[PDB]
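Comments concern the structure below.
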Amino acid sequence: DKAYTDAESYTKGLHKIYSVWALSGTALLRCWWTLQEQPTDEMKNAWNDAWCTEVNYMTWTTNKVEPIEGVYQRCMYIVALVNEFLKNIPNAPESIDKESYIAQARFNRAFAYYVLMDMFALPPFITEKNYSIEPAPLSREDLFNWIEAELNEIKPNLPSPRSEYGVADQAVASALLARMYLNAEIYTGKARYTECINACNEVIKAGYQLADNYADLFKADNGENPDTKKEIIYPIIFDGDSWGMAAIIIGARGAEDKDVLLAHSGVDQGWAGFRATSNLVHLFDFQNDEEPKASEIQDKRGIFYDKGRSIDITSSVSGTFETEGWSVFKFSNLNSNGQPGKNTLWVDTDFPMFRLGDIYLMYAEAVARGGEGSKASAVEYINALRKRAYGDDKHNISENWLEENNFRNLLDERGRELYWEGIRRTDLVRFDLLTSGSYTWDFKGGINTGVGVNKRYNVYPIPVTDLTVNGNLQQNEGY
Ligand SMILES: [Mg+2]
């Protein structure tokens, strides 16, 4: 698209690569987030589009589904850009730090392949070294192995942790490895819980801290507030001075008066799409658990708007945004001082792709499942999260809690801590509860009370779009 020539062009080329996550151009962050939340127990979408039902229910086929196309095209676009960048970078002028730029381009490509591996399993494998009109996929395990070797090799050449908010630093590479290793039994058939713990410790030792205020993690000024910057390892950056994060926020608001929307959210518009299931609400403690009300919640992590809404989605998932399912206002374009962000549409709120709260929970789960690490520390990390949640010391857990009921307390706690941060689908797959009939939620499988679905649905199908033009590429099993 833009040829490489002077120093500026190489710096702008790297920035274009990083920018694909935030870019509309639909948007990678939105598509990815949708695909990680909408088929789960965390979110159901009230839009009437045929794709929404399919994704809501997990009844999709190989018929084209717009967010599936989005995630796939945009990830492979990142890979394309990085490959062209790496091909040009040896000709860079002397003023460019080639070693740093190569390490960072490679991080972006590794992350794009991570998302593809987790979501599609078997993408085409195309690097700057194996150019082909019709590239073949690796096995999922081989792709994992390649991504891991990319991240291990580049890590000592990446910037030091926190040296620039938004840049893929050494700790960002370790956070991605932690997330890969936690899930390695899914991707590779072999568990890597010790390696998960090792990557978590690399992050923990870099001096990150939990934000004092949980809610501010997801407000307009999360990227500028020092309290929340202590915790955010890797953000997808947004600023009012692209519709990706705007769509996630606005999508979760209803058709209310502009002023009431601005009052409570810092936005003009509410598209009446994304909202909660009963399962998400019931994960949190309330003053009266038999009759939950958003204003009586005890675990303050749950940030809900309940006016006029039932807890359950019962009659229909579409057309019922205003009446069935609580709204989720976790991501907000009000700043931490209550003021609106500087634009009513183009939000300031950053997406926290990796943050220390997740690292804590990963460390605890990896130790629970038998990795080499400390149960005492695991308990300390979960209790830090729960003290923040409840504002007191009366909701601590103990070591037995980590292992009991087949690690389900950890799945529940990742729900309470990390809901709507784009990780729920991966976590459900790890517990093999995404597709199973043993754990159901509102409209799972297309039945209101919920049913299991076939195990093919643990991954999305590769676009027929790409299968038509690439003869070496194969569809995922079962589709
Ligand atoms: Mg921002």
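Labeling convention for the structure tokens: chains A, B, ... as they appear, residues from 1 per chain, ligands from 1 in order of appearance.
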
Within 6 Å of ligand 1, counting only C-alpha atoms and all ligand atoms, residues as a ChimeraX atom specification: /A:221,223,237-239,348-350

Residues just named, written with C-alpha atoms as a PDB file, in the first residue's frame:
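Here's the written file out_2.pdb:
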ATOM      1  CA  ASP A 221      -9.083   7.903  30.878  1.00  0.00           C
ATOM      2  CA  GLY A 223      -4.767   4.970  29.527  1.00  0.00           C
ATOM      3  CA  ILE A 237      -5.310   2.451  22.438  1.00  0.00           C
ATOM      4  CA  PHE A 238      -8.239   4.783  21.714  1.00  0.00           C
ATOM      5  CA  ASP A 239      -8.500   8.547  21.836  1.00  0.00           C
ATOM      6  CA  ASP A 348     -11.185   7.721  24.801  1.00  0.00           C
ATOM      7  CA  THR A 349     -11.549   4.325  26.569  1.00  0.00           C
ATOM      8  CA  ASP A 350      -8.667   1.873  25.844  1.00  0.00           C
TER       9      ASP A 350
END

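Here the residues within stretch 202-243 of chain A that DSSP labels strand (DSSP E or B) on the basis of the backbone are residues 232, 233, 234, 235 and 236 of chain A.
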
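For the set A:172, A:115, A:52, A:184, the residue with the smallest atom-to-atom gap to residue A:65 is A:52, counting only C-alpha atoms.
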
Interatomic distance (Å, one decimal) between atom CA of residue A:233 and atom CA of residue A:160: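 Atom CA of residue A:233 sits 11.8 Å away from atom CA of residue A:160.
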
Report as a tab-separated table the residues of stretch 223-310 of chain A within 12 Å of stretch 417-428 of chain A, each with its shortest atom pair and distance in Å (one decimal), using only C-alpha atoms, ordered by chain and increasing residue number.
residue	atom	partner	partner_atom	distance
A:235	CA	A:421	CA	11.5
A:236	CA	A:421	CA	11.8
A:245	CA	A:421	CA	11.6
A:248	CA	A:420	CA	9.6
A:249	CA	A:420	CA	10.8
A:252	CA	A:420	CA	10.8
A:274	CA	A:420	CA	10.1
A:275	CA	A:420	CA	10.0
A:276	CA	A:420	CA	9.7
A:277	CA	A:419	CA	11.7
A:279	CA	A:419	CA	11.4
A:280	CA	A:419	CA	8.1
A:281	CA	A:419	CA	10.6
A:283	CA	A:417	CA	10.2
A:284	CA	A:417	CA	10.1
A:299	CA	A:417	CA	10.0
A:300	CA	A:417	CA	10.1
A:301	CA	A:417	CA	6.7
A:302	CA	A:417	CA	8.7
A:303	CA	A:419	CA	10.3
A:304	CA	A:419	CA	11.8

Residue contacts of residue A:361 (9 Å, only C-alpha atoms) excluding same-chain residues fewer than 2 positions away, as an MDAnalysis selection string: chainID A and resid 356:359 363:366 378 381:382 385 410 413:414 417

Store the residues picked out above in a file with N, CA and C atoms, as a CSV table (one decimal), in the first residue's frame.
chain,number,residue,atom,x,y,z
A,356,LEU,N,-2.9,-7.2,34.7
A,356,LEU,CA,-2.4,-8.1,35.8
A,356,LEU,C,-3.4,-8.9,36.4
A,357,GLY,N,-4.7,-8.4,36.5
A,357,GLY,CA,-5.7,-9.2,37.1
A,357,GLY,C,-5.8,-10.6,36.4
A,358,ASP,N,-5.7,-10.6,35.1
A,358,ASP,CA,-5.8,-11.9,34.3
A,358,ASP,C,-4.5,-12.7,34.7
A,359,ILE,N,-3.4,-12.1,34.8
A,359,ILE,CA,-2.1,-12.8,35.1
A,359,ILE,C,-2.3,-13.5,36.5
A,363,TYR,N,-2.0,-17.5,37.0
A,363,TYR,CA,-1.1,-18.1,37.9
A,363,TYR,C,-1.8,-19.1,38.9
A,364,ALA,N,-2.9,-18.6,39.4
A,364,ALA,CA,-3.7,-19.5,40.4
A,364,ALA,C,-4.2,-20.8,39.7
A,365,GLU,N,-4.8,-20.7,38.5
A,365,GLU,CA,-5.3,-21.8,37.8
A,365,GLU,C,-4.2,-22.8,37.4
A,366,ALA,N,-3.0,-22.3,36.9
A,366,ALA,CA,-1.9,-23.1,36.5
A,366,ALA,C,-1.3,-23.9,37.7
A,378,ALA,N,-0.9,-18.2,45.0
A,378,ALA,CA,-2.2,-18.3,44.3
A,378,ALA,C,-3.4,-17.8,45.1
A,381,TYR,N,-3.1,-14.0,45.5
A,381,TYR,CA,-3.5,-13.2,44.3
A,381,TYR,C,-5.1,-13.2,44.1
A,382,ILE,N,-5.7,-14.3,44.3
A,382,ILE,CA,-7.2,-14.4,44.2
A,382,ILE,C,-7.8,-13.4,45.3
A,385,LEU,N,-7.8,-9.8,44.4
A,385,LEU,CA,-8.8,-9.5,43.5
A,385,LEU,C,-10.2,-9.4,44.3
A,410,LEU,N,-12.4,-21.2,39.7
A,410,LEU,CA,-11.5,-20.4,38.9
A,410,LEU,C,-12.2,-19.9,37.6
A,413,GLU,N,-14.5,-17.2,38.9
A,413,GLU,CA,-13.8,-16.0,39.3
A,413,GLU,C,-13.3,-15.3,38.0
A,414,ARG,N,-12.9,-16.0,36.9
A,414,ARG,CA,-12.5,-15.3,35.7
A,414,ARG,C,-13.7,-14.6,35.0
A,417,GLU,N,-14.1,-11.4,37.3
A,417,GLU,CA,-13.0,-10.4,37.1
A,417,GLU,C,-12.9,-9.9,35.7

For atom CA of residue A:310 and atom CA of residue A:439, the interatomic separation in Å (one decimal):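 Taking atom CA of residue A:310 and atom CA of residue A:439, their separation equals 21.2 Å.
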
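Proximity ranking of A:100, A:287, A:19, A:374 relative to residue A:242 places A:19 first, based on only C-alpha atoms.
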
Non-local contacts of residue A:32 (10 Å; only C-alpha atoms; under 4 positions in same chain excluded) as a ChimeraX atom specification: /A:21,27-28,36-37,67-68,70-72,74-75,115,119,422-423

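In terms of minimum interatomic distance to residue A:441, A:278 ranks closest within A:278, A:194, A:24, A:53, counting only C-alpha atoms.
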
Pick from A:393, A:42, A:227, A:185 nearest to residue A:210, counting only C-alpha atoms: A:227

Point-to-point distance in Å for atom CA of residue A:149 and atom CA of residue A:85: 19.6 Å
